[PDB]
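In what follows, a single structure is set out as structure tokens and then discussed.
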């Protein structure tokens, strides 16, 4: 299996378990899965948050919320890039989590940081409408 090399300690992971612990109920918030999540696991969170909390609602089209359409690495990067954009805009927090590193299986402590700020936005019950509209206006 792929190694969680550089950073990614238990105190980062246990903070993500508290941050996502109030948001959704589909994927299990395991130490293993949060130490290096697959794209499908992140897509499960990023679509289920819209269903359960309403954070990032309307940010994806009807085809973008389906992981069999989001099969290509370029589409996976584009899908994560939309979430990263709204999460930074709504929370006011910086993120060093690059969509390319997330899909390649690198920098997983920044993937945890992204999920912790998604947690922050959900705990504050934020509607995200203006930030979602800025990412939609950014479409080609």
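Numbering (PDB author numbering), first residue to last: 1 to 140.
Cβ coordinates follow ideal geometry from the N, Cα and C atoms, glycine included.
Residues of its chain near residue i, where Cβ-Cβ distance is below 6 Å and the 5 sequence neighbours each way are ignored
i           : result
residue 57  : 50
residue 128 : 55, 56, 86, 90
residue 17  : 29
residue 43  : 67
residue 88  : 95
Inter-residue CB distance, residue i and residue j (contact presumed, cutoff 8 Å)
i           : j           : result
residue 20  : residue 115 : 6 Å
residue 31  : residue 13  : 6 Å
residue 135 : residue 82  : 5 Å
With 16 other Cβ atoms within 10 Å as the buried cut-off, status of residue i
i           : result
residue 5   : exposed
residue 85  : buried
residue 107 : buried
residue 94  : exposed
residue 183 : Beyond the ends of the chain as shown, which are 1 and 140, falls residue 183; an answer cannot be given.
residue 10  : exposed
residue 71  : exposed
Close-in-space but distant-in-sequence residues of the same chain around residue i (CB under 8 Å, 5 per side omitted)
i           : result
residue 15  : 112, 116
residue 103 : 39, 73, 76, 77, 80
residue 22  : 119, 122, 123
residue 27  : 33, 41, 44, 45, 48
Proximity test, Cβ basis, 8 Å: residue i and chain D
i          : result
residue 87 : Among the chains in the structure shown there is no chain D, since it carries only a single protein chain.
Close Cβ partners of residue i (< 7 Å) along its chain, the five nearest in sequence each way excluded
i          : result
residue 24 : 45, 48, 49, 52
residue 99 : 77, 80, 81, 84
>> Runs of 4 residues minimum, wholly inside the segment 61-118: which ones carry the alpha helix (DSSP H) assignment?
In response: Counting only runs of 4 or more, we get 73-91, 99-104.
>> Going residue by residue through the segment 10-61, where are the continuous alpha helix (DSSP H) segments of at least 4 residues, counting only ones entirely within it?
In response: 10-20, 31-35, 39-52
>> Is it the case that the segment 57-70 contacts the segment 18-38, given that we only count it when at least three CB pairs across the two stretches are under 8 Å?
In response: no
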